[PDB]
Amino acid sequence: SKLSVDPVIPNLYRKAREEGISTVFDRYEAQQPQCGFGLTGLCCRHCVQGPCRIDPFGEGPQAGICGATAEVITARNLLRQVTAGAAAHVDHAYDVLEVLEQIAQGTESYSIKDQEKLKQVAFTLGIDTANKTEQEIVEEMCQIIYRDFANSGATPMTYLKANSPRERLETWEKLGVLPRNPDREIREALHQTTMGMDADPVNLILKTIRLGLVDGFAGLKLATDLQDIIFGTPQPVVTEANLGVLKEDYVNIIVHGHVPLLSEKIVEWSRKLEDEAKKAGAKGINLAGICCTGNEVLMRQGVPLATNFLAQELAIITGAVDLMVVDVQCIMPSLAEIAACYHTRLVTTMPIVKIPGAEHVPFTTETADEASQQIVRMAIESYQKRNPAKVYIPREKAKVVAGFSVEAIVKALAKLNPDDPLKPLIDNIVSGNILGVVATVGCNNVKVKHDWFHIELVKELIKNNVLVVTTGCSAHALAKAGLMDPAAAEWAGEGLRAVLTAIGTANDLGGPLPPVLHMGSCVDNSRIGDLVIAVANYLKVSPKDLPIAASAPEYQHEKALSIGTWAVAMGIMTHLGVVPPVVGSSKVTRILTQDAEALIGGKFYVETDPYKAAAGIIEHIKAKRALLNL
């Protein structure tokens, strides 16, 4: 029970140990104690003269072989890892961009499922949609976006300019952190982190901010916009979470990864090939999602969430996973060893991600339907070899109400006020019924008790009338904890509980809205950004003035560093539950946590205790409230 607060973990972990299967919790214990030079950021291997390390306490070397000090080594490493997290989101968004162009060229595998989103995004990009066919609007949209990936001049990329408020554009301009072309910025910054380059810690951090902007607008914002257009804007849905949503009677297919280009097709063809599953001796095809692609088909298709990042291995330990299909990012390579001990088939689909011991099924837009059919047909084959003596499906599962895109939030608020939908939300923030709103994002990290920080932070926040929106694996944690159940409004403060109830009864939902609003996947952090921009514009202020905060309680991936930097660049104080590899430098840590506030509005807040973090986040919100004369 010391591993996690998720109730299903101990039994599934003990079941894995009895079978001699290595889990993420065992490999961490085997690494402790971890290297102190790497944890603090005082180790450098950016050239083959290294490794070089720096003694923070003044006895060993105070510079690398090239002469890099702690302020250089730490800041240079932060820029390279933020650049890498940005490259992940950009390459993700770029993948969806290819399908949008393939829709413009007339493909039958995908289509424009949300023309309302198309007209709205096209209007944001400056496209005049009058007298234009849908195919001409998609054609012109792809041309504008590709020009960002081809821009060779000093012009800021269009997808940033069209989606950012004016005050942010002026602040980023006077700091010189505006990105011009996402691919070019990734190449320039990666060049800037090679040996014998930038030795200015401020100039490096100023470039780290620019790649956070690349990540937020060429990665998060672009992906969410195009994914809503192609697959539909999420609207409120009811379903369940945690590994109890697996069914022994059904064929169990788990989708894992990030890009819904694969998981939407698996959901489509799981429904159409369900007769073949019954002919094999099963009630149907049960679908569950792990990580962000699980959040995608949760927000659009109501597919229940299996589990988050740290417990992806234990999903197969249930013995009921017949197939797990996978694309990119956050896929533990250990799943091949774990699926080898079972009938479970692990399937990889992307050319840049292969796992020895996993069947590779090439998935392209041309072959999306036939590759999807083969994958679930492999799962129907795999269901019949299942060993019932090795299945253990936990009883724990929680009710979740998700699908809260900005479009869905406005529609729910329009029941109270049709002309000014944000006004009921803003008036209650002003009155004090809602102290502030906090975005809890990020992954799981074995250094933190699994889901423990996510849940403990949010419970302390909603108790103080602090609305919580969430994405990614932080959303999985709050989902399995029952905090997206409408019944959880009892755990929120009376001011917040009244507002949640008022919105719920005005939508004829019977009960109140849950205290935690699920706003989608990691890329759907752009929705959160779009929301606080809309709130700030309503109040005639900047997001740096809003009584808000962001938090990554258990982050692990380089994508979280980029997102955190993006939120900092957006003017939002960003809390970090895990110690970043930067604390070895006094200057860099002071810049990222104090100097950044006067520079750009936001700052990082490092706090490993959930209760200390919650108290600090609430004090930051009250400070913003006091400056707003509330």
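When you see a residue number, it is the position in the sequence shown, counting from 1.
Taking only CA atoms, the mean B-factor in the PDB entry is higher for 496-504 than for the other of 496-504 and 80-88.
Remark: stretch with higher mean C-alpha B factor among 213-221 and 131-139 is 131-139. The entry lists C-alpha B-factors for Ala199, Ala549, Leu190, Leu539, and the highest of these is at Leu539. As recorded in the entry, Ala368 carries the highest CA temperature factor of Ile205, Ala368, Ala439, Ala475.
The entry lists a Cα temperature factor for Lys603 that places it in the lowest third of the chain's modelled residues. In this PDB entry, the Cα temperature factor of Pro234 sits in the bottom third of its chain's modelled residues, the lowest group. In the deposited entry, the Cα temperature factor of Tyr555 sits in the bottom third of values across the chain's modelled residues.
In the deposited entry, the Cα temperature factor of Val24 places it in the middle third of its chain's modelled residues. Ranked against the other modelled residues of its chain, the C-alpha B-factor of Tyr110 as given in the entry falls in the middle third.
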